[PDB]
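Undergrad: Have a look at this one.
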Amino acid sequence: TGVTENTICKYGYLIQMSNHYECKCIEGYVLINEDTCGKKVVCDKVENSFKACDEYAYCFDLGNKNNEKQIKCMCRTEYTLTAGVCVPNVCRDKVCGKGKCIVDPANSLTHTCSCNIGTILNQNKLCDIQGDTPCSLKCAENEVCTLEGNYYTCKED
């Protein structure tokens, strides 16, 4: 199973889309897993290899028959680039319309689309249908569900 209403996001907070929950990271952090974030690290040392450097990305160093550092921010294993951002392999060059491609929690072998609020998912797994999903987050004390762009999130009053 992926992110649910009771999922705890390490160094991140819960957001709600039309048909799924997701974890979004605190300032200065990026996603390692669906529910885990780590500090965004600058890839400028071999000592920093495999540290978080972007969403689903970690620092990677190449020894191209060299002694110099050849380091870049690379998609973690089981992830690949799509539209300039690392995505799950099941999301390789997949489109969602008004939504975000994710791993399908009901079947890890396929992808699905987490649709922006105001759009629901069509039977072809495209976010191109107009529907309004109510907010189902459990917000903390002195907090209220707030629509921030494409996703609901709990915000302070």
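Numbering (this note's numbering) for the sequence shown: 1 to 157. The C-beta atom is built at its ideal place from N, Cα and C for all residues, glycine as well.
Between the Cα of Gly99 and the Cα atoms of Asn19, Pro88, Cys113 and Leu62, which residue gives the shortest distance?
TA: Here residue 99 refers to the residue found at position 99 of the sequence shown. The shortest Cα separation from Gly99 among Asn19, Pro88, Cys113 and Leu62 belongs to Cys113.
Undergrad: What are the boundary residues of the beta strand (DSSP E) that includes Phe60?
TA: One-based indexing of the sequence shown puts residue 60 at position 60. Segment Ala57 to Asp61, the beta strand (DSSP E) holding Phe60.
Undergrad: Could you please give me the residues that DSSP links to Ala52 through a beta bridge?
TA: Indexing the sequence shown from 1 puts residue 52 at position 52. Paired residues: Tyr58.
Undergrad: Please name the residue, chosen from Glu5, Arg76, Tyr29 and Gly28, that lies closest to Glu22 on a Cα-to-Cα basis.
TA: Taking the sequence shown and counting its residues from 1, the one referred to as residue 22 is at position 22. Checked all of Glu5, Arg76, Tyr29 and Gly28; the closest Cα to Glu22 is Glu5.
Undergrad: What's the gap between the Cα of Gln16 and the Cα of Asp128?
TA: Here residue 16 is taken as the residue at index 16 of the sequence shown, counted from 1. Here residue 128 is taken as the residue at index 128 of the sequence shown, counted from 1. Each residue's alpha carbon lies about 18 Å from the other.
Undergrad: Pull up the CB-CB distance for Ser49 and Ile120, whole angstroms please, since I reckon it's below 8 Å.
TA: Sequence index remark: in the sequence shown, residue 49 carries index 49 (1-based). Sequence index remark: in the sequence shown, residue 120 carries index 120 (1-based). Between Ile120 and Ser49 the Cβ distance is about 42 Å, and since that is not below 8 Å, they are no contact.
Undergrad: Ends of the beta strand (DSSP E) at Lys39?
TA: What you label residue 39 is simply residue 39 of the sequence shown in a count that begins at 1. Segment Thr36 to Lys39, the beta strand (DSSP E) holding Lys39.
Undergrad: Can you name the residues that DSSP bridges to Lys125?
TA: As a working mapping, residue 125 is identified with position 125 in the sequence shown. DSSP, once it has assigned bridges, lists no residue as partnering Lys125.
Undergrad: Can you pull the DSSP bridge partners for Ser114?
TA: What you label residue 114 is simply residue 114 of the sequence shown in a count that begins at 1. Answer is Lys100, bridged to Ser114.
Undergrad: Starting from the Cα of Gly28, find the closest Cα among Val3, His20 and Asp54 and give me that residue.
TA: Translated into positions along the sequence shown, residue 28 becomes position 28. Selected option, being the one with the closest Cα: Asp54.
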